[PDB]
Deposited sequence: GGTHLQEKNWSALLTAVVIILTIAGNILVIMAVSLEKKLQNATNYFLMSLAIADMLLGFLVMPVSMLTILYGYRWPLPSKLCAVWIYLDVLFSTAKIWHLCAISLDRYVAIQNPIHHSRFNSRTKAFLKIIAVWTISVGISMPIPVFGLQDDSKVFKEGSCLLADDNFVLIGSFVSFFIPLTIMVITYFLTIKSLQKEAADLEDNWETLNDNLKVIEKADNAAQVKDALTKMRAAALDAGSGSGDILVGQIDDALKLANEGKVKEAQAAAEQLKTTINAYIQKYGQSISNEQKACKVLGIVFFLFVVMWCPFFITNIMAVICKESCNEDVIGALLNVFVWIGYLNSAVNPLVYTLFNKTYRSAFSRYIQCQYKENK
C-alpha cells in the first residue's frame, strides 16, 4: 500500500542509470559500432524514457490509491507513452532477431538508423489510437477515477496486433538462426575433414594421378567454404599436371598453414555469433517471461469480464506491471555479465573516465 512505492523508486533508478550507461557505451566505445548494438541503444532509450516519463507517474498513482492525481487529459497521454515504449521494445527485439537472421543469409550506421526509425514509426503508429480516441472519451482511459486502458477492443487487438505478430516473427527467426549457425559449423567440420583427408592422400602418393585428383577435391571443398587459398591449390594443381609429384607434395604441406589459418578464423567467427545469439536470446526470454504475467492476466480481465473478481484481477495487474517495468532494469545487467566490452565500458564510466 503506502510503503509499496519505496520498492518502485529503486526500479526507476536502476532503469535510468543502467540504460544511460548502455547509450554511453554505444556512443563512445568503437568495439560496439555495429547494427545490433545500434538497436540495443534505441531499446535503452525506450527503457530510459519508460523510467523517466511512465514509471514515476505509475509510482505517483500508487501514492493516491490508484485515483488519478494529475489533469484528466494527462491520463490518455501517460497510457500512450506506456504502450509506446513497450511496443517499441518488442518491435526492436523482433527487428534484431530478423536483421541478424537476414545477415546470416548475406555476404553502415545509416542502414541501422533507417531500420530503427521504421521500428519507432510503426510503434507510434500502433499506439496512436490510444490518445486519438482516449482524449475524446474518458470511458476508454478511466475506470472509476483510475487511469487505466479501459476499452477492451484496444486491449485485445493491441495485445495480438502489437505483441503477437512481432513475437511470432522473433521466436521463428531466433530458432532459424540457431539452425543456420548449426549448419555453418556442420558444413565447416565437413570441409575440414575432406581437406585433411586429401592432405594425407597427397603425402602418401606415388604418382601425378593421385595428387591431381586429391587437389581437385581440395579446390571443390575450398569453393564451398569461401578466395586466397583457391589459387594456391591451382598453384599446386598445375605442378601435378606436368608430373612434378615431389614438387606438388611440398606445396600441399605449404597449403596446410593457409588452411589452418581460414579454419580458426571462420571457426572463431561462428563461436562468436553463437555467443551473441546466446546473449540476445536471454534478452528475448526475459522480456516475455517478465511481461507474461501482466499480458495473460489483462487478457483474462476481458474474457471473464463479469465471471471474475475485477478487484483481485486489478490488484494483480498493479503488481504484474512492475515485473515488466523491472525488465527495463535487466538488459544492462545482462550486457555486464555476458560482454567484456560493455562490462569494461560501464566500469570506466562509473570512475567518470570516458576515453577509449
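Chemist: In sequence order, which parts of the deposited sequence are missing C-alpha coordinates?
Modeler: Those parts of the chain that were deposited but carry no coordinates are 1-7, 115-121, 241-244, 375-376.
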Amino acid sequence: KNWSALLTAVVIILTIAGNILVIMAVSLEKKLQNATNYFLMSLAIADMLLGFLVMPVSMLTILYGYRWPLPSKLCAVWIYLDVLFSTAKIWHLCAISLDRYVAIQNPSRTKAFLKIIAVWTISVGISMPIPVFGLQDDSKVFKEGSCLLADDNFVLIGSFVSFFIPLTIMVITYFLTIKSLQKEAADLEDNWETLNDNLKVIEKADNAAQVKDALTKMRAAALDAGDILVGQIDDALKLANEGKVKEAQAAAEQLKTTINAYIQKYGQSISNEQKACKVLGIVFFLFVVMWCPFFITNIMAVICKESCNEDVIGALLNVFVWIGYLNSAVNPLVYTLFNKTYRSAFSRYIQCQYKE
From here on, numbers count along this sequence of modelled residues.
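Chemist: For the C-alpha atoms alone, is the average B factor greater in 22-30 or in 304-312, going by the entry?
Modeler: Per the PDB record, 304-312.
Chemist: On mean Cα temperature factor in this entry, is 253-261 or 276-284 the higher one?
Modeler: Higher mean C-alpha B-factor in the PDB entry: 253-261.
Chemist: From 227, 82, 137, 197, which pick has the Cα B-factor that tops the rest in the entry?
Modeler: Max CA B-factor in the entry, restricted to 227, 82, 137, 197: 227.
Chemist: Return the residue from 210, 123, 180, 168 that has the highest Cα B-factor in the entry.
Modeler: In this record, 210 carries the highest C-alpha B-factor of the candidates.
Chemist: Split into thirds by Cα B-factor across the chain's modelled residues, where does residue 325 land: lowest, middle or highest?
Modeler: For residue 325, the deposited C-alpha B-factor lands in the lowest third.
Chemist: Where does residue 290 sit by CA temperature factor within its chain: lowest, middle or highest third?
Modeler: Bottom third by C-alpha B-factor.
Chemist: Name the third of the chain's ranked CA B-factors that contains residue 232, choosing lowest, middle or highest.
Modeler: Top third by C-alpha B-factor.
Chemist: Taking the chain's C-alpha temperature factors as the reference, tell me which third residue 114 falls into: lowest, middle or highest.
Modeler: Residue 114: CA B-factor falls in the lowest third of its chain.
Chemist: For residue 268, does the deposited CA B-factor place it in the lowest, middle or highest third of the chain?
Modeler: Middle third - that is where residue 268 ends up once the chain's C-alpha B-factors are sorted.
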